[PDB]
Amino acid sequence: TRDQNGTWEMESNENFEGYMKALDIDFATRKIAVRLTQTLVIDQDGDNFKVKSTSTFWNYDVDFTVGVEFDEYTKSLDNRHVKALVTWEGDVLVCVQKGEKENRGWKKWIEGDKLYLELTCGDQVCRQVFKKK
């Protein structure tokens with residue numbers, strides 16, 4: 002389904018280290034971040050999204066409209082400028098972050114009571130699964 006509204010708690014986290022390493026996040030930041038469970042919070046109305054990502058170590062929010070390109074500065078992730086665009090492919094929400102890194106972005110979708118997130122950068126894929134609280 003396309004409805005991603007909700008509060009979502011991490012159930013699983015695969016290869017978050019590979020993705021962060023791919024983004025050139027410094028070793029000491031990675032080593033702590035890879036160990037952590039994350040939470041996502043998502044308000045979606047029409048094509049308007051507000052999303053918040055949290056752990057004990059960080060707390061980030063981003064707002065975007067489906068189909069409207071926007072500049073991003075990924076401050077206190079890897080600190081780069083990208084041009085982001087979020088669109089639908091069927092019921093999969095796809096973000097491309099155009100910039101220095103190839104294959105950078107993410108895909109998000111719902112299966113049952115769960116939210117699936119694929120984070121990509123270069124040749125690394127990170128998969129996370131969240132349950133609807």
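Residue numbers (our numbering): 2 to 134.
Where a beta carbon is used, it is the ideal one built from N, C-alpha and C, also for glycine.
Candidates the options: closest to residue i by CA position
i, options, result
"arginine 105", "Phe17, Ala23, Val93", "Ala23"
"residue 155", "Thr121, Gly123, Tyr117", "Because the chain spans 2 through 134 in this model, residue 155 falls outside it and cannot be assessed."
"residue 1", "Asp46, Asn49, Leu78", "Residue 1 lies beyond the residue range present for the chain, which begins at 2 and ends at 134; the question has no answer from this structure."
"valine 95", "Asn16, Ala29, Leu120, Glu10", "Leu120"
"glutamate 90", "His82, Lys108, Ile43, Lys84", "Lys108"
"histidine 82", "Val93, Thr88, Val97", "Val97"
"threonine 75", "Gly68, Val67, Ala85", "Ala85"
"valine 93", "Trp110, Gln39, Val87, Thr30", "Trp110"
"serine 13", "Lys99, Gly123, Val35", "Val35"
Check whether residue i and residue j have beta carbons under 8 Å apart
i, j, result
"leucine 37", "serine 54", "no"
"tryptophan 9", "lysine 102", "no"
"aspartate 48", "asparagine 6", "no"
"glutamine 39", "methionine 21", "no"
Supposed close pair residue i, residue j - CB separation, criterion 8 Å
i, j, result
"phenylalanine 71", "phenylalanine 50", "In fact, because the Cβ distance is near 11 Å, the residues do not count as touching under 8 Å."
Helix, strand or coil at residue i [DSSP, three-state]
i, result
"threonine 57", "coil"
"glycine 19", "helix"
"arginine 31", "helix"
"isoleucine 43", "strand"
"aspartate 64", "strand"
"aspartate 72", "strand"
"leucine 94", "strand"
"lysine 134", "coil"
"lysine 84", "strand"
"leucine 78", "coil"
Within-8 Å CB hit, residue i to chain B
i, result
"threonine 30", "Among the protein chains of the structure shown there is no chain B, as only one such chain exists."
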